[PDB]
Structures are given as structure tokens and as C-alpha cells.
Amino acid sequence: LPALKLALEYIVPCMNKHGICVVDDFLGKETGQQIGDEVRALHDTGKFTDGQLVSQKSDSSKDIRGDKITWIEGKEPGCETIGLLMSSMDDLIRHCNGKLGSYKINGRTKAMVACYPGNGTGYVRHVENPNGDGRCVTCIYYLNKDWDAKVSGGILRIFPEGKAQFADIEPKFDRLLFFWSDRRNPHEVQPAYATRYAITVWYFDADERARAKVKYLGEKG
């Protein structure tokens, strides 16, 4: 699907109405698998961190660690297809710009590739950007073929503001997710009992980012 039809007939209206938008079959099976292969290779060759320290015991051997991450620019050897994904995300956002709320997106982060190792760890309820650091949209791409949450857990649960209801997102292969990064969307990752991969990019609003700079402010003289 042209990034444009997707953006204009689905992503823009869905984001403006619900603040959450799920796109299935974003890149297709061949490309999705290549990205999966690239991410698994990063994992298998030790490029991820050891995982978030979840519980720290007096005996460090007993320490429990959770989500593992690596930061990817998309230009690294063996990361080209991740780079293609990132360029594809950028295309969608470009076609959305000026239509996602009143935001004007002018930049993004590198990609954060996350691996929940499947040891029953998840990610606590949180807001992405509670203090105004510039991020207005979170974009997540999932890689997990034939994921079944009834057996593997790992659901992303969002708690949209004002509503008495969940939004439960399975981390399905070739699924792309957008949601507002601010306090409108507190969310959590439920315990994952199988290896679970995702790739996240955050997009910046030009005005919020420009004034965030005042919080972390250098020329000599």
C-alpha cells in the first residue's frame, strides 16, 4: 500500500480519534522475515544488553534481568533492512505531517530494538514522555511470527486516558503500531514467556523539542 493511502485514509483519522493506530502486514512476509533475521543475528552475536535489572539479590547470580536492548542507526552492516523499515516509517510520518493533532514532526530517534527474553518479565506501567522531552509519537514494529498471547503472554496493554477500558495489542509479525507518547497513553508490557522482539522509533514535535532544549542547556565566553 502506498504510504500515502495508508496515512491519509487510516493512520491520520485513527490517531486523531483514538490516539492509537494498528497497521497489520506493513512490509509483507519477505521483508518482515529479513528484518527478523537481522534482529535475531544481532541477538545471537551478542549485540544486545544483558537486560533490565528487575530484581537485585545479595547474591548477584540470582539477579533477574528483563528486556534487552540495542540502539540501531540503520546504516550498520547487517542492519540495512532495519534501515529500510526506518525509512518506511519516516515516509508514513512525512505523509501525515501537519495532520497528526497540531504537531509538526521534524525529527526522530535512532531505533531501539528490544528483546523480552521469555523469562516471565514484562515492562511496568509507564508514560513514554511525561515531562515534555519532545517526543509526540511512538512507532513500534513487531517481528514475532505466529505469536499466540494465550500461551506466550507479552501483550502490550494501553490504558487510554478518560476511558474505562483497555487496548490490548498482540506483538504480531509485521504489525506496525502508532500511539501518542504523552500522558494520554500509559501502557505496559504483560509478562512474556517466549522471546519477543520489537523495534521502536520516537518522533519529535518541533515546538516541544525546541523548548525542551532550555531544560538541558554551550559557547565559550
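Start at 1 and count along the sequence shown; that's the residue number.
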Per the entry, where is the mean C-alpha temperature factor higher: 201-209 or 5-13? 5-13
Can you tell me whether 138-146 has a higher mean C-alpha B factor than 71-79 in this record, or the other way round? 71-79
Going by the deposited entry, which of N185, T45, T49, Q190 has the highest CA temperature factor? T45
Maximum C-alpha temperature factor, selected from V39, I158, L176, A164: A164
Here the Cα B-factor of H95, set against its chain, lands in the third termed highest
For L53, does the deposited CA B-factor place it in the lowest, middle or highest third of the chain? highest
So where's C115 on the chain's Cα temperature factor ranking, which third? lowest
Taking the C-alpha B-factors as the PDB entry records them, is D168 in the lowest, middle or highest third of its chain? middle
Taking the C-alpha B-factors as the PDB entry records them, is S152 in the lowest, middle or highest third of its chain? middle
